[PDB]
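To begin, one chain is listed below as structure tokens, in the form deposited in one PDB entry.
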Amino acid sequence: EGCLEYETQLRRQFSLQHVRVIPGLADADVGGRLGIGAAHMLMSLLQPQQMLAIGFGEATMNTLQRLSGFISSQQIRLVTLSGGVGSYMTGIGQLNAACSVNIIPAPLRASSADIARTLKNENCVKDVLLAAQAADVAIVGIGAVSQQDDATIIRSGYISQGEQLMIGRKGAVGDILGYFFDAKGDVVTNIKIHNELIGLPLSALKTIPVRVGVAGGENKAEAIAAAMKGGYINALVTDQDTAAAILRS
């Protein structure tokens, strides 16, 4: 298996604690094979009654659906890392028998930094932000500037195409929870979406001890590498082709 070998190299080069590389060769159902792979990794990492913090987007929602039965049975508590309420869970498949679900009551992005700060200070939002920063495990997707128009953050209308082009001009390669960072994994400073986001910042996300990124696609390799170099994730679930590309870059 090329996959064990890729797992070993990624694990060594990025000093990861856990890695799964999925045969991404050459089958055309990767969005779902990823969610399966991250669900399995999360099943091995969470003990009963622990708390799992969840991120925004496609790979994490897809992962969450796979994990719904493990969630009830092991009584895992869920908490949202970001605003963007409806996009979450919204059905999701349920749970219960003492399984809490804690949701930031706010959009992902406010229209101004002033309003973002106000919302962050509301009690119902502060309470969930604290919970999230206290989780045992986090699961997040990673977005890439180079996806341009396919990016979830563009297709949800959370940023404009103009914003994305300036974000790229400014040196960003990728994002986690809407926060964008450069090739060395540092969060880019002069970007106004950052102060408009309602959720946990990246510097707080790193308090969570096990942080799993699920992301594939060759156009994400640069972004995923920079996320590992920044330390925002310390475990990775991806596919072979993406794994290859990450290593070369």
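Rigid core (definition): largest C-alpha set, two forms, superposition within 1.5 Å. Only residues modelled in both forms are compared. Numbers for residues come from their place in the sequence shown, where the first is 1.
Quick note: we don't show the form deposited in another entry, though the next part is all about it.
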task: Select from 103, 134, 92, 166 the only position whose Cα moves 2 Å or more between this form and the one not shown when the core is aligned.
output: 92
query: So the C-alpha spacing of residue 97 and residue 44 changes by 3 Å or more in the other form; is that change toward closer or farther than shown?
result: farther
message: Flagged pair residue 90/residue 105: C-alpha distance shifts by 3 angstroms or more in the other form. Which direction, closer or farther?
response: farther
message: Taking only residues present in both forms and a 2 angstroms threshold on CA movement, what segments of three or more in a row shift between this form and the one not shown once the core is aligned?
response: 25-27, 89-99
